[PDB]
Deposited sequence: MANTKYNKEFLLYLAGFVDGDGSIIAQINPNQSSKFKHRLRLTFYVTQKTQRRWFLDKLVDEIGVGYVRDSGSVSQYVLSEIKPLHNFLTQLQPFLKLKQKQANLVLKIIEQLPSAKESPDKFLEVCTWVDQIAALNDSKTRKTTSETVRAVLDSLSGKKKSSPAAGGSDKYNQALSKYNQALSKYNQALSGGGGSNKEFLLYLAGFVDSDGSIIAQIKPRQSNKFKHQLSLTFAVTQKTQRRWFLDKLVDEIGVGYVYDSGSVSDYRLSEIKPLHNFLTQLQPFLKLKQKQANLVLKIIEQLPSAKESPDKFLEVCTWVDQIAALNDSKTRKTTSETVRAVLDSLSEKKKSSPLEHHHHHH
């Protein structure tokens, strides 16, 4: 049994709450004693361009594997002993997926019994149900019914959730009344299905600043005020693993706003910093760029 470092577990619990998945399944199976086979899996998905991150996990956790699916990759752990050992250690730090974790640990321990009785098996399948109910389940076929046949601790965890479900954005917004016809915009955002808004609300309390906004079926925590933002990113930046470049770039920009609102040179140079931030992001619908701002030649 490997013991995992607490700091590793804090960050990881956040990223897992963000991009991870804790899953239990009943596999239709003729060979199986009860025509069904239970699978338990922990997943971390990420764009293949960042599979190094998932490759790190394999090394740090020390078990599991990484697979590709064209554009997107996954870390996967289904081996039972190690899975229980890992989840046992991770669950105290989970906030969104903690109930799932614990249910998967219960199932794992009750296994030996489940396989030696039709009735014990059934009960266990009703835990798989529960887990699926907790997840954003949408394509599940085989169900049990079928079978009837401390500030550093918060910043480490918050870095994790931010590296996964969050976004550090910098924008150049076209505007007539602006001295150089464009307005700089910096934003820290965290996104979440509106049914977990209570979580983005918690952030407003813990961070001290910002607001939660709703739209369609999702909500955002957003932070755009130049001061608070600089304060926050200065604190949070040491603990980021995917978005550290973006965080610094935003701090470097904020520090050079003074001299940027003075000369068309500094302004256009700071615009290239915005370009770099979007390059680093998974940018897809960006319109106004620095080259655009180079119409300032007019």
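J.: Comparing the deposited sequence against the modelled residues, what ranges come up empty for C-alpha?
T.: Missing from the model are residues 1 to 2, 152 to 195, 345 to 362.
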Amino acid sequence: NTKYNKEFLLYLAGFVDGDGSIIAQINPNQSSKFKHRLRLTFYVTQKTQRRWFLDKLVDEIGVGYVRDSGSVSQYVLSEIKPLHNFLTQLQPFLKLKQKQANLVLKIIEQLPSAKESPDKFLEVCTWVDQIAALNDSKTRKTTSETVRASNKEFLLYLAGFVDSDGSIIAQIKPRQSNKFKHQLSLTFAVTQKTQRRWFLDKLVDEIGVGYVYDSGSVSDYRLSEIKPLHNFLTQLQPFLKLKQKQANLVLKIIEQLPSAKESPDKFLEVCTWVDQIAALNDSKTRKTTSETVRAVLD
From here on, numbers count along this sequence of modelled residues.
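J.: Would you tell me which stretch averages the higher CA B-factor in the PDB entry, 131 to 139 or 115 to 123?
T.: Mean B over CA atoms: larger for 115 to 123.
J.: Should the higher mean CA B-factor in the entry be assigned to 105 to 113 or to 76 to 84?
T.: Averaging CA B-factors over each stretch, the winner is 105 to 113.
J.: Among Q244, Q235, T48, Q30, single out the one with the highest C-alpha B factor in the record, please.
T.: Max CA B-factor in the entry, restricted to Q244, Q235, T48, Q30: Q30.
J.: Looking at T285, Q25, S21, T288, which has the highest CA B-factor as recorded?
T.: Result of the comparison over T285, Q25, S21, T288: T288.
J.: Could you say whether, by C-alpha temperature factor, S259 belongs to the lowest, middle or highest third of its chain?
T.: As the PDB entry reports it, the C-alpha B-factor of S259 lands in the highest third of its chain.
J.: Of the three thirds of its chain by CA temperature factor, lowest, middle or highest, which one includes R39?
T.: Bottom third by C-alpha B-factor.
J.: Is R148 in the lowest, middle or highest third of its chain when residues are ranked by C-alpha B-factor?
T.: Highest third.
J.: Hey, what third does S164 fall into on Cα B-factor, ranked over its chain?
T.: CA B-factor rank for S164: lowest third.
J.: Lowest, middle or highest third of the chain for the C-alpha temperature factor of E206?
T.: As the PDB entry reports it, the C-alpha B-factor of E206 lands in the highest third of its chain.
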